[PDB]
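Undergrad: Before I ask anything, here is the structure I am working with.
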Amino acid sequence: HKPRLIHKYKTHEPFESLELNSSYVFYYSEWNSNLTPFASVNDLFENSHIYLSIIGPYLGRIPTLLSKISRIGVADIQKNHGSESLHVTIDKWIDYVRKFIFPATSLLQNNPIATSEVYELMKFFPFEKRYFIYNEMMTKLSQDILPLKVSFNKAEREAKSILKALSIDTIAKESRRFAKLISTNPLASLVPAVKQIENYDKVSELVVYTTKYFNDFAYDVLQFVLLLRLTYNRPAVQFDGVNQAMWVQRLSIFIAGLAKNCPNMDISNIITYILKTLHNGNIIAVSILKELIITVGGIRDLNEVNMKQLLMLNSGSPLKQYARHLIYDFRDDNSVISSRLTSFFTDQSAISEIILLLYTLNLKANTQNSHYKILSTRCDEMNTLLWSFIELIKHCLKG
Amino acid sequence: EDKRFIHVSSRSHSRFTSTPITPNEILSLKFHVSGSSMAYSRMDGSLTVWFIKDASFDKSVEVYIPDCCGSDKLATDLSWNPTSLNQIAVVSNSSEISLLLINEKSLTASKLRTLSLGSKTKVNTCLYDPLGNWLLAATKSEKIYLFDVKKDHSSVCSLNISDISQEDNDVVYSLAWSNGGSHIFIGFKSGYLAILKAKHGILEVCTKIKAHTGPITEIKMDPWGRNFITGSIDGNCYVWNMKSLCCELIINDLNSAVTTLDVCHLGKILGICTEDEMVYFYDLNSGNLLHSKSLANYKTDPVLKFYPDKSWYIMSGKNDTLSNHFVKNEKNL
Amino acid sequence: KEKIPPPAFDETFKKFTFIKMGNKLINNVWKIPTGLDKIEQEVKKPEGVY
Amino acid sequence: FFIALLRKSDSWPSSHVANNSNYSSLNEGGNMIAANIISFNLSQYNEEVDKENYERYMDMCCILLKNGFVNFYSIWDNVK
């Protein structure tokens with residue numbers, strides 16, 4: 001039982017190495033005697049205006065130093081957990097991430113792990129002041145500092161080079177290549193990638209197969225990008241009013257396709273967008289809610305039904321389970337995914353608010369004067385939406 | 001450096017005009033730190049231990065035995081004992097932890113003991129300490145055990161998996177002993193890296209970090225104790241140092257999933273085997289993606305393993321199943 | 001032949017603005033009130049209109 | 001040994017040994033004869049034996065600026 005034998009050599013290169021049999025240490029061993037390490041936090045907030053304002057957006061070349069500053073910030077809130085010092089200890093790092101930790105992340109090329117460490121300190125923030133940092137990065141992108149303006153244009157030309165070579169056979173090797181890019185820089189590789197969702201389908205089925213390989217940083221900007229497109233200034237209704245638009249029905253199969261496949265995506269701000277805009281009366285919030293019920297739950301309408309199957313759907317039995325198997329109404333299959341969707345409705349206590357809002361808007365549509373054949377179909381379509389939401393409540397809230 | 005062929009009965013099976021399937025499958029392969037033994041395991045075939053004294057491979061064929069762990073179940077992994085040269089801790093699938101001995105003078109293999117701790121659903125992982133003073137048998141279903149070897153194989157303590165992480169029913173894919181023998185690095189299903197303290201008989205977790213967002217397939221260690229390398233089902237293969245527990249290199253060669261990781265005994269070349277029948281080699285001290293070789297393997301699943309003593313290259317991957325041993329590969333073209 | 005004064009490094013972070021969200025388009029959505037009492041006024045009486 | 005031999009010499013600045021660790025003492029320095037020799041020796045890089053010895057000469061010069069042997073803006077202003 002013998003240990004290993006090394007040798008200690010001296011070179012002129014500052015970074016330590018280790019060969020097959022020897023180590024290479026820097027020759028000038030008293031190089032650090034001018035410098036002094038410091039105390040807990042009140043000098044790290046003082047020695048960073050000197051050193052980290054020189055290399056401003058350039059910590060992306062030193063990816064280990066970006067983890068060690070953020071691992072301090074999560075271990076400083078957990079140590080100062082208590083009950084008292086959490087309002088000022090959180091607002092202290094809200095100006096240290098905005099100033100020179102988050103702009104240093106955009107100058108990163110292919111780095112999934114060092115990007116989640118920055119977000120681990122960002123989970124302790126309000127979601128309102130996370131969307132202020134996310135929006136600052138897309139107006140200070142071009143009008144300001146240069147080396148990330150070159151790097152925001154290096155990802156937009158790399159995001160578009162995947163959406164052109166996006167096929168159903170090479171998706172085994174291209175989805176891991178795509179998700180690795182949105183794990184690193186998702187402020188740039190997502191506004192292209194969503195622009196080809198509300199234009200072309202059959203890539204919406206290829207984007208949501210990639211979303212099983214995202215990290216938790218990517219799931220927060222994706223909710224911010226989806227909210228960025230739902231509120232953009234566009235004609236929501238078309239020229240006449242007979243059709244809505246072609247993007248409003250293509251975006252709603254993307255949102256309802258995230259809530260079914262990936263289980264790690266918190267979509268509570270999308271549902272909060274549904275609640276508020278229905279008070280105004282809005283055709284996008286109806287069309288997102290309508291495709292959520294039919295896709296996540298398996299609720300089908302009874303207006304094409306056979307008469308023999310109609311009597312079979314009222315006998316409480318396993319024949320009732322057979323009558324939904326023939327009409328293609330999958331409720332026993334996705335019972336887990338449907339309960340998770342109503343969990344976002346019952347957390348904000350929205351269930352008694354939706355039923356009163358769909359009924360009021362349907363009854364308010366009896367006075368609007370737009371057309372004559374339109375409001376004989378619009379009144380019928382909103383009537384079978386209110387029937388379809390009641391039937392989701394009784395299947396999930398059971399007991 | 002020349003191609004030399006490995007002489008087991010797998011080469012005779014394919015040399016005949018036998019159509020359907022000539023050998024069957026390979027389950028596990030472990031080395032003793034002496035670097036002269038081998039645990040070449042199969043599925044329904046034979047677990048064949050080897051002892052070649054001086055020649056490259058053409059000296060002698062030692063022993064093949066189908067009926068070693070019985071005739072109904074299979075063995076997941078075969079742990080060698082660092083203390084006793086004649087001891088291999090084979091754990092069968094259902095309920096058998098048996099301990100076998102090998103004989104060089106005779107064409108047989110005898111069994112020393114078969115100890116078992118009850119309500120053993122399925123133990124799939126058994127591995128000794130690097131110094132050979134503990135045995136952590138860990139199930140992927142319920143909990144993890146802890147025994148000893150220096151006095152006897154007697155239980156001390158156990159920890160339930162649901163106290164480590166708190167998300168869901170997670171599967172333990174691979175775990176690895178530390179290099180001092182004092183810590184446990186365990187790899188979950190949702191990409192959690194948890195560090196357990198196992199000093200002598202106490203089993204308690206230290207911290208858990210989010211490595212990535214997939215099943216962490218393998219975890220290896222550096223013989224100089226600076227870093228440890230993980231794998232994935234993604235393309236990521238990070239290199240985490242130990243003094244700061246952060247990342248240093250990133251092997252971003254995302255062409256497939258990752259299945260097999262090995263290092264060298266000097267700690268230079270990292271050997272990654274993917275699922276598109278492509279293998280790679282890299283560097284640890286140098287930059288991120290600096291290949292030395294890439295090799296296209298044929299249609300079947302290969303395995304990759306490095307010797308503990310000197311750098312000699314074991315791959316598998318012939319037409320159905322055979323191993324290849326590359327001699328004197330210090331340059332490798 | 002000059003006297004160079006010591007440089008003054010800036011120690012001040014930037015202020016936020018009044019928009020608690022990012023855009024003025026997102027923030028106009030999260031300013032309209034929600035709750036059961038606003039729906040109650042229009043559903044006052046169906047017979048009273050009848 | 002190279003600094004201990006050169007600290008006792010009559011070429012070491014005894015009264016003007018001012019240091020390169022202040023922000024106003026990067027101008028006021030000492031020994032402007034060795035500020036002429038190193039600024040002449042770092043400004044030549046046009047040979048094939050001069051190139052294989054520029055790294056080791058630049059390390060030896062960087063020790064001398066730390067101990068206060070020469071100024072900073074005497075070497076900074078007079079290199080190419």
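Convention: chains lettered A, B, ... in structure tokens order; per-chain residue numbering from 1; ligands numbered from 1 as shown.
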Please list as an MDAnalysis selection string every residue within 9 Å of residue 197 in chain A, counting only C-alpha atoms and excluding residues in the same chain fewer than 4 positions away.
TA: chainID A and resid 193 201:204 207 247 250:251 254
Undergrad: Report as a ChimeraX atom specification: the residues of chain D with a DSSP assignment of alpha helix (DSSP H), based on the backbone of this structure.
TA: /D:2-7,34-41,54-67,73-76
Undergrad: Quick check: residues of chain D within 12 Å of chain A, only C-alpha atoms, returned as a ChimeraX atom specification.
TA: /D:20-21,55-60,62-63,66-67
Undergrad: Write the residues of the selection above to a file with N, CA, C and O atoms, as an mmCIF file, in the first residue's frame.
TA:
```cif
data_model
loop_
_atom_site.group_PDB
_atom_site.id
_atom_site.type_symbol
_atom_site.label_atom_id
_atom_site.label_comp_id
_atom_site.auth_asym_id
_atom_site.auth_seq_id
_atom_site.Cartn_x
_atom_site.Cartn_y
_atom_site.Cartn_z
ATOM 1 N N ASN D 20 4.631 52.288 -6.011
ATOM 2 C CA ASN D 20 3.588 52.186 -7.021
ATOM 3 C C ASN D 20 2.289 51.625 -6.457
ATOM 4 O O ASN D 20 1.583 50.894 -7.154
ATOM 5 N N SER D 21 1.965 51.943 -5.209
ATOM 6 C CA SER D 21 0.732 51.479 -4.591
ATOM 7 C C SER D 21 -0.182 52.618 -4.169
ATOM 8 O O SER D 21 -1.165 52.377 -3.464
ATOM 9 N N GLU D 55 9.571 37.239 -22.469
ATOM 10 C CA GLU D 55 8.686 36.902 -21.359
ATOM 11 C C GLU D 55 9.439 36.928 -20.038
ATOM 12 O O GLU D 55 8.931 37.435 -19.033
ATOM 13 N N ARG D 56 10.667 36.408 -20.029
ATOM 14 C CA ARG D 56 11.434 36.351 -18.791
ATOM 15 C C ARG D 56 11.975 37.724 -18.417
ATOM 16 O O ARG D 56 12.144 38.026 -17.233
ATOM 17 N N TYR D 57 12.234 38.575 -19.409
ATOM 18 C CA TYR D 57 12.664 39.938 -19.126
ATOM 19 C C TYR D 57 11.506 40.787 -18.624
ATOM 20 O O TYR D 57 11.708 41.729 -17.854
ATOM 21 N N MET D 58 10.285 40.474 -19.055
ATOM 22 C CA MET D 58 9.134 41.253 -18.618
ATOM 23 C C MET D 58 8.726 40.892 -17.198
ATOM 24 O O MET D 58 8.097 41.694 -16.501
ATOM 25 N N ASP D 59 9.063 39.683 -16.756
ATOM 26 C CA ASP D 59 8.796 39.305 -15.375
ATOM 27 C C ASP D 59 9.786 39.972 -14.431
ATOM 28 O O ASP D 59 9.415 40.426 -13.345
ATOM 29 N N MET D 60 11.059 40.031 -14.835
ATOM 30 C CA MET D 60 12.089 40.700 -14.043
ATOM 31 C C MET D 60 11.818 42.192 -13.909
ATOM 32 O O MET D 60 12.116 42.794 -12.873
ATOM 33 N N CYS D 62 8.814 43.456 -13.869
ATOM 34 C CA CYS D 62 7.583 43.655 -13.112
ATOM 35 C C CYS D 62 7.816 43.496 -11.616
ATOM 36 O O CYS D 62 6.995 43.938 -10.807
ATOM 37 N N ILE D 63 8.922 42.863 -11.228
ATOM 38 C CA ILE D 63 9.308 42.832 -9.822
ATOM 39 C C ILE D 63 9.885 44.181 -9.408
ATOM 40 O O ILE D 63 9.694 44.636 -8.274
ATOM 41 N N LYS D 66 7.337 46.802 -8.446
ATOM 42 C CA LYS D 66 6.663 46.571 -7.177
ATOM 43 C C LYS D 66 7.469 47.133 -6.015
ATOM 44 O O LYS D 66 6.913 47.789 -5.128
ATOM 45 N N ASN D 67 8.783 46.915 -6.017
ATOM 46 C CA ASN D 67 9.614 47.339 -4.898
ATOM 47 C C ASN D 67 9.927 48.826 -4.932
ATOM 48 O O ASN D 67 10.464 49.353 -3.956
#
```
Undergrad: Excluding residue 22 in chain C and its own-chain neighbours fewer than 4 positions away, which residues fall within 6 Å of it when counting only C-alpha atoms? Please give them as a PyMOL selection string.
TA: chain A and resi 131-132+135
Undergrad: Expressed in Å to a single decimal, how great is the separation between CA of residue 25 in chain C and CA of residue 277 in chain A?
TA: 12.7 Å
Undergrad: Which residues of chain C are close to chain D, meaning at most 8 Å apart when you count only C-alpha atoms, and how do they look as an MDAnalysis selection string?
TA: chainID C and resid 1:7
Undergrad: Could the residues in this selection be saved with C-alpha atoms as a PDB file, in the first residue's frame?
TA:
```pdb
ATOM      1  CA  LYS C   1       5.059  66.854 -14.820  1.00  0.00           C
ATOM      2  CA  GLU C   2       1.444  66.626 -13.631  1.00  0.00           C
ATOM      3  CA  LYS C   3      -0.247  65.869 -10.305  1.00  0.00           C
ATOM      4  CA  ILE C   4      -2.754  63.046 -10.777  1.00  0.00           C
ATOM      5  CA  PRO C   5      -5.620  63.048  -8.242  1.00  0.00           C
ATOM      6  CA  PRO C   6      -6.955  59.751  -6.846  1.00  0.00           C
ATOM      7  CA  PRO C   7      -9.893  58.396  -8.858  1.00  0.00           C
TER       8      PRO C   7
END
```
Undergrad: With a cut-off of 10 Å and counting only C-alpha atoms, select all residues of chain C in contact with chain A and give the selection as JSON, numbers by chain.
TA: {"C": [8, 9, 10, 11, 12, 13, 14, 15, 16, 17, 19, 20, 21, 22, 23, 24, 25, 26, 27, 28, 29, 30, 31, 32, 33, 34, 35, 36, 38, 39, 40, 42, 43]}
Undergrad: As an exercise, work out the distance from CA of residue 144 in chain B to CA of residue 161 in chain B in Å and give it to one decimal place.
TA: 7.0 Å
Undergrad: Please, what distance in Å, to one decimal, runs between CA of residue 199 in chain B and CA of residue 135 in chain B?
TA: 12.3 Å
Undergrad: Write out as an NGL selection string all residues of range 244-286 of chain B that backbone DSSP assigns to strand (DSSP E).
TA: :B and (247-250 or 258-262 or 271-274 or 278-280)
Undergrad: Just the selected residues (N, CA, C and O atoms), exported as an mmCIF file, in the first residue's frame, please.
TA:
```cif
data_model
loop_
_atom_site.group_PDB
_atom_site.id
_atom_site.type_symbol
_atom_site.label_atom_id
_atom_site.label_comp_id
_atom_site.auth_asym_id
_atom_site.auth_seq_id
_atom_site.Cartn_x
_atom_site.Cartn_y
_atom_site.Cartn_z
ATOM 1 N N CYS B 247 -18.066 24.338 -11.055
ATOM 2 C CA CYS B 247 -17.753 23.721 -12.338
ATOM 3 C C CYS B 247 -16.496 24.352 -12.929
ATOM 4 O O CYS B 247 -16.265 25.554 -12.767
ATOM 5 N N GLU B 248 -15.687 23.544 -13.617
ATOM 6 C CA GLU B 248 -14.471 24.039 -14.255
ATOM 7 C C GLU B 248 -14.523 23.934 -15.775
ATOM 8 O O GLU B 248 -14.412 24.945 -16.473
ATOM 9 N N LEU B 249 -14.695 22.728 -16.303
ATOM 10 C CA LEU B 249 -14.824 22.506 -17.734
ATOM 11 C C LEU B 249 -16.265 22.154 -18.058
ATOM 12 O O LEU B 249 -17.042 21.811 -17.163
ATOM 13 N N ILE B 250 -16.620 22.247 -19.335
ATOM 14 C CA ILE B 250 -17.901 21.775 -19.849
ATOM 15 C C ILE B 250 -17.613 21.055 -21.154
ATOM 16 O O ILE B 250 -17.091 21.658 -22.098
ATOM 17 N N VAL B 258 -25.699 10.370 -22.876
ATOM 18 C CA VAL B 258 -24.433 9.852 -22.375
ATOM 19 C C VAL B 258 -24.707 8.579 -21.583
ATOM 20 O O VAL B 258 -25.672 8.508 -20.814
ATOM 21 N N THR B 259 -23.869 7.564 -21.777
ATOM 22 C CA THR B 259 -24.095 6.252 -21.182
ATOM 23 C C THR B 259 -22.944 5.774 -20.305
ATOM 24 O O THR B 259 -23.184 5.218 -19.229
ATOM 25 N N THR B 260 -21.698 6.009 -20.707
ATOM 26 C CA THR B 260 -20.546 5.440 -20.024
ATOM 27 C C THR B 260 -19.439 6.480 -19.916
ATOM 28 O O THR B 260 -19.044 7.080 -20.917
ATOM 29 N N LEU B 261 -18.936 6.684 -18.698
ATOM 30 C CA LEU B 261 -17.832 7.604 -18.439
ATOM 31 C C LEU B 261 -16.691 6.816 -17.816
ATOM 32 O O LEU B 261 -16.925 5.949 -16.970
ATOM 33 N N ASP B 262 -15.465 7.104 -18.239
ATOM 34 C CA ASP B 262 -14.268 6.586 -17.595
ATOM 35 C C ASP B 262 -13.195 7.662 -17.589
ATOM 36 O O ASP B 262 -13.200 8.569 -18.423
ATOM 37 N N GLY B 271 -13.162 9.348 -21.249
ATOM 38 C CA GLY B 271 -13.759 8.559 -22.311
ATOM 39 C C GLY B 271 -15.270 8.509 -22.187
ATOM 40 O O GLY B 271 -15.808 7.913 -21.253
ATOM 41 N N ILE B 272 -15.947 9.130 -23.148
ATOM 42 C CA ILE B 272 -17.401 9.248 -23.151
ATOM 43 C C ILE B 272 -17.953 8.360 -24.256
ATOM 44 O O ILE B 272 -17.491 8.428 -25.400
ATOM 45 N N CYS B 273 -18.930 7.522 -23.914
ATOM 46 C CA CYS B 273 -19.603 6.655 -24.872
ATOM 47 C C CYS B 273 -21.075 7.046 -24.952
ATOM 48 O O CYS B 273 -21.801 6.957 -23.956
ATOM 49 N N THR B 274 -21.513 7.470 -26.136
ATOM 50 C CA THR B 274 -22.866 7.957 -26.346
ATOM 51 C C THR B 274 -23.759 6.838 -26.878
ATOM 52 O O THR B 274 -23.364 5.673 -26.957
ATOM 53 N N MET B 278 -21.126 6.055 -30.978
ATOM 54 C CA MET B 278 -19.956 6.905 -31.149
ATOM 55 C C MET B 278 -19.278 7.071 -29.799
ATOM 56 O O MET B 278 -19.948 7.344 -28.801
ATOM 57 N N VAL B 279 -17.959 6.902 -29.765
ATOM 58 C CA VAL B 279 -17.178 7.091 -28.548
ATOM 59 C C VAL B 279 -16.293 8.312 -28.764
ATOM 60 O O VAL B 279 -16.080 8.737 -29.908
ATOM 61 N N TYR B 280 -15.820 8.903 -27.675
ATOM 62 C CA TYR B 280 -14.929 10.046 -27.733
ATOM 63 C C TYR B 280 -13.809 9.887 -26.713
ATOM 64 O O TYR B 280 -13.806 8.962 -25.899
#
```
Undergrad: Taking 2 positions as the minimum chain separation for residues in the same chain, which residues sit within 10 Å of range 181-187 of chain A when counting only C-alpha atoms? Answer as number ranges by chain.
TA: A: 105-116, 134-135, 137-138, 151-152, 155-156, 158-159, 175-179, 189-193, 211, 213-222, 224-225
